[PDB]
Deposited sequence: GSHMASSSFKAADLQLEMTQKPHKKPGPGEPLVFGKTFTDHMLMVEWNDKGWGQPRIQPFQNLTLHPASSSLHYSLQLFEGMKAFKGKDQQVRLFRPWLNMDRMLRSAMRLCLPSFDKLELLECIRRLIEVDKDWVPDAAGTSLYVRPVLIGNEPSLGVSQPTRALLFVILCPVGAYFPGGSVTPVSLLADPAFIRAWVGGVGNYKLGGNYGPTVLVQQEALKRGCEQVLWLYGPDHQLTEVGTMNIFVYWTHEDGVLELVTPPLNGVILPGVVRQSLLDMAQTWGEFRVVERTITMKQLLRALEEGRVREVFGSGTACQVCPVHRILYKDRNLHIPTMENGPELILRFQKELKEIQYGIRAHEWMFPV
């Protein structure tokens, strides 16, 4: 069974928050409403769009003791004509259902959640900014909610969604093999709360070491997996002399990002250079930097879309990454095309109109 949009009950807020005035730090400002659906031994209850409010949770909730939690993250963009659109939300929904199944949280209908989310965005339509490079960030969440200290499949869960309005520059990265984000056979390929908490300290260590984000290396040959909460891409002339865009394969330690998949799809479609999913090693990068074969290194994710990398501190070796002196041509093309699609400049099967 599943909750249905047609059963939605609306409680409009009686106490609207002041909208942001002319400074937007990410993830602190929320809209007036939220979506709220509960699961229990009777199945999924009816979905509510209701005033943004606190959650009331039993102290034994499995969400708090055994990290029976997962999230999603996606943006809604408002175009010139004030039409609002979600970017490839179906893939976020596919990925939310996989997380849930990995955590034995209750299954749900992807299209019904989407419609509920759309309905929720429509209620908070005026929170969606329209200045350049601004968007509305959508945070669905599903948590187990059994009041039991037993490590087990819960018979109760909570699915809710909240929204935040959100308001080119290259970043530096610490690449230390000591630090591990995910392992083959682990759950790094799902968007689960537990994958993030442990990175806080590591991120602090990268700041202390004068870097801005973490380059997560994995395995004996130090594979480049991800950058911060982003997938990583390298544009270079490979060893076989062919020009390629490369990014690591989905072999268990990589989060299957929506932006990532989009960049692959675009480049693939262009048909101008080779586009592969393959392991990338610090050894390959060093050698390609020594031989001037690297053009652009960047990260991708809903946060920035495309984020260039100028520097990588590999232990004590400070590597200059020449992304910016090579345009950054590919990056700029990706941003340009993504902007066109996202803000309705160009009609595309990737946008879902609210």
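The chain's deposited sequence has unresolved stretches at 1 to 6, 29 to 30, 176 to 182, with no C-alpha coordinates there.
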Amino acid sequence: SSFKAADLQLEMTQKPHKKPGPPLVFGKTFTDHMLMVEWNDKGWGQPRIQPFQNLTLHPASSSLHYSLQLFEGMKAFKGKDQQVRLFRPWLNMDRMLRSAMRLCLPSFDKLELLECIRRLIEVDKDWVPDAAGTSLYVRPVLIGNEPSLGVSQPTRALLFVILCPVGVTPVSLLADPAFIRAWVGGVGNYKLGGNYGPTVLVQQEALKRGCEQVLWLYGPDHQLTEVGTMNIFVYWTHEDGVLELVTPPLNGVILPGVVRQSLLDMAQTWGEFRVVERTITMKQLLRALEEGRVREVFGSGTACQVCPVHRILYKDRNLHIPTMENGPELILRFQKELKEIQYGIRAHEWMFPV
From here on, numbers count along this sequence of modelled residues.
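Where the other entries of this protein model the residues before and after it, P22 is dropped from at least a third of them. Per-stretch averaging of Cα B factors for 145 to 153 and 259 to 267 places 145 to 153 on top. Mean C-alpha B-factor is higher over 286 to 294 than over the other stretch, the pair under comparison being 286 to 294 and 323 to 331. Across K191, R118, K80, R139, the greatest Cα temperature factor reported in the deposited entry is at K80.
Remark: of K75, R209, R95, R88, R209 shows the highest value [criterion: C-alpha B-factor in the PDB entry]. Among all modelled residues in its chain, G299 ranks in the lowest third by Cα B-factor.
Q50 sits in the middle third of its chain by CA B factor, as recorded in the PDB entry. Among the modelled residues of its chain, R278 has a C-alpha B-factor that falls in the lowest third, as given in the PDB entry. Among the modelled residues of its chain, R102 has a C-alpha B-factor that falls in the lowest third according to the deposited record. Annotation for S61: C-alpha temperature factor in the lowest third relative to the rest of the modelled chain, per the entry.
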